[PDB]
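Before any questions on binding or motion, here is one chain by itself as structure tokens, the form deposited in one PDB entry.
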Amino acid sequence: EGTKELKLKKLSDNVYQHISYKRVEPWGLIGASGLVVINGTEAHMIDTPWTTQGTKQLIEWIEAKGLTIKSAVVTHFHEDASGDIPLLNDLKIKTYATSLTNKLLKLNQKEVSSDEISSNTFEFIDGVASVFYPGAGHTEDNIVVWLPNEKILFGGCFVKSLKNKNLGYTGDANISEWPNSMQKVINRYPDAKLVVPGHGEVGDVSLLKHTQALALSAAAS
């Protein structure tokens, strides 16, 4: 049943969803997802849990399964994605972020990743996990992560849930660019079976189309 800070859902033998929540004004309590990807005896995080207690609990759970936590990738500079870079860097767990993410962490006096992604596509786990930068949307720096073996697309905060009626926090968003960036993702992953949004329920490829329509409606206003 998890802890008060962390829950885990199994998506496949090699892929777990890590789940946390926080109250964020003005939307109230919102749930946040990242992933744990298992490759033999090595495990990898996609986003940190939203609390340091949850990240420590997640590391304990990984190690108690007989796995080594090898690396993490953070999908944008906000705290729901990148909040525990300092902890992971302190544990000598490699952290990966794009040059744009590290620009925005540095701008906000936050610790940068240990390892910088300097291309639009990046093999985060060889044959298992691929980073793609689609362009600006939720933030300038947002990336998605594709798991080709399971056809799971981790959308992060660039993808809204199907039931979302708005884009959520747009203080750092590029509403004009978001639909074009989303079309790149739609075109690249027509074979996506599961799309994991940064907040809310997992779903199918319709989450991409929904998010594109939310961004187009936000520009209309």
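In this text, rigid core is short for the largest set of C-alphas that superpose within 1.5 Å between two forms. The numbering used is simple: start at 1 and walk along the sequence shown. Residues that one form lacks are left out of the comparison.
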property	result
Stretch with the higher entry mean CA B-factor, where the candidates are 20-28 and 206-214	20-28
Mean temperature factor over C-alpha atoms, higher-scoring stretch between 105-113 and 139-147	105-113
Selection from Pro179, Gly155, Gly34, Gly40 [criterion: highest C-alpha temperature factor in the record]	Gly40
Third of chain Cα B-factors occupied by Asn89	highest
Third of chain Cα B-factors occupied by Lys160	lowest
Assigned third (lowest, middle, highest) for the C-alpha B factor of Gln183	lowest
Entry-reported Cα temperature factor of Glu60, expressed as the chain third it lands in	highest
Ranked against its chain, the third holding the CA B-factor of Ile46	lowest
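The same protein also exists as the form deposited in another entry; that form is not shown, yet it is the one meant from here on.
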item	value
Residue among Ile69, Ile30, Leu194, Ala173 whose Cα moves 2 Å or more between this form and the one not shown, once the rigid core is superposed	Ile30
Note on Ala136-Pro26 C-alpha separation in the other entry, which departs from the shown form by 3 angstroms or more	farther
Relative Cα spacing, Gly54 and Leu29, in the other entry - shift of 3 Å or more	closer
Rigid-core superposition between this form and the one not shown, with residue runs of at least 3 whose C-alphas all shift by 2 Å or more	21-30
